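The chain below stands alone, shown as structure tokens; this is the form deposited in one PDB entry.
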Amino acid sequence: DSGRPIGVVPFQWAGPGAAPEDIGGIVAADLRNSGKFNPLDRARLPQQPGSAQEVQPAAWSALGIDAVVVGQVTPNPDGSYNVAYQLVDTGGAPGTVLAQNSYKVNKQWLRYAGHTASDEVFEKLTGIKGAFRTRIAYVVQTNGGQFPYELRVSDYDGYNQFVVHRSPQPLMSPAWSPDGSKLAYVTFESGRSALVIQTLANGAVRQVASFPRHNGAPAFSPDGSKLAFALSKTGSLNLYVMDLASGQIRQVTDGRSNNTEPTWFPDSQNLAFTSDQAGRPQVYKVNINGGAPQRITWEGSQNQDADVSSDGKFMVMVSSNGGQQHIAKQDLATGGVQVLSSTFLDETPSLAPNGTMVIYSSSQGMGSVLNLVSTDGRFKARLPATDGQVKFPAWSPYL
């Protein structure tokens, strides 16, 4: 129902006025974001302990809380900062340190230091790899006239955004390479649609495909050797795969129907995609070495835009169920579907590399904004807003 109760104490700050960042706020919000933890409200804390020994287990047990996060933040002549946390047991081992660490970071990595604490605590208590130091990429339509579309990247939680690319035409569907160093996207900069790959550090741009008609929807294979995308030069959209070492392209689908929005399975062999071949969009699957695709979505009237988990256990998608469209999960072994979001005009979902969260676009006014839903359905939140309309969120791999 609500996530496992946990106490996050405001981190101890030694110095000038107020701390430069609320490290324990970051740690609380992250843990809340995963759906897994219900951090006790800061106002409701029984004690603001500043280290592992200043923690009173009784106080915490009494509230159903078996772990407390405390930390410290100190400054360094060098303009840098020391950030430390201790995860203390208040359950079976009252007063025991379960995890702890120490960083030296510049002010600009304070959020990062909070996210490292989050990741470490998260993983110790759940045994699941933390995803709080991973980013998202998306397209923003701004109010600027000349370059209204802006391929951007930020931290999964909205902070620290930067611009990768500005365009006078539209940009669509960004995709991360599995090492997180490149993004693939559709650009219309030419007058026509084209698929490029951009190195983030560099800005270097590799041209991938520009055939007649349509070129879109990229997905990098998990092993890093391929790029799947859709092309409609035959007459309808069909799936193609490119060998990145050679530049060589295969046709994966043939079909008078439209086949688009490829997504990989963990084996870099199979893809799930969307096809209208059955009328209203449905999710299908196919091997890149051929064979016929198989439908895999029988729940609801329409299912499109899939994202398969990194372990291949499930998939998220845009689904029309009970007469409307939301983000929903399909257990790939059992077959069950769960509706996750409850906002309006839910599009483009993307999974976090540990499968605990989904980022998606939703409709608000004449504009788009970004939403985050835990994969268990418990936690829903809108991200900080920005200066224009936001579409096409892509969650990065671990970084």
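The term rigid core refers to the most C-alpha atoms you can superpose between the two forms while keeping them within 1.5 Å. So that there is no doubt, residue numbering starts at 1 and follows the sequence shown.
Once the C-alpha B-factors are averaged per stretch, 317-325 and 211-219 rank with 317-325 first. The stretch 97-105 shows the higher mean C-alpha B-factor when 140-148 is compared against 97-105 in the entry. Across 33, 341, 348, 51, the entry's maximum B-factor at the CA atom is seen for 51.
When the C-alpha B-factors of 330, 47, 354, 361 are ranked from the entry, the top spot goes to 47. Residue 18: CA B factor in the highest third of modelled residues in this chain (values from the PDB entry). Looking at the C-alpha B-factors along this chain, the one for residue 284 belongs to the middle third. Ranked against the other modelled residues of its chain, the C-alpha B-factor of residue 74 as given in the entry falls in the highest third. In this PDB entry, the Cα temperature factor of residue 311 sits in the middle third of its chain's modelled residues. The deposited CA B-factor of residue 390 belongs to the lowest third of values across its chain.
Same protein, other form: the form deposited in another entry, not shown, and the subject of what follows.
Once the core is superposed between the shown form and the other one, every option in 103, 265, 314, 188 stays below 2 Å in C-alpha shift except 103. After superposition on the rigid core, the Cα of residue 229 moves by less than 2 Å between the shown form and the other one. Relative to the superposed rigid core, the position of the CA of residue 360 differs between the shown form and the other one by less than 2 Å. A displacement of less than 2 angstroms separates the C-alpha positions of residue 340 between the shown form and the other one, with the rigid core held in common.
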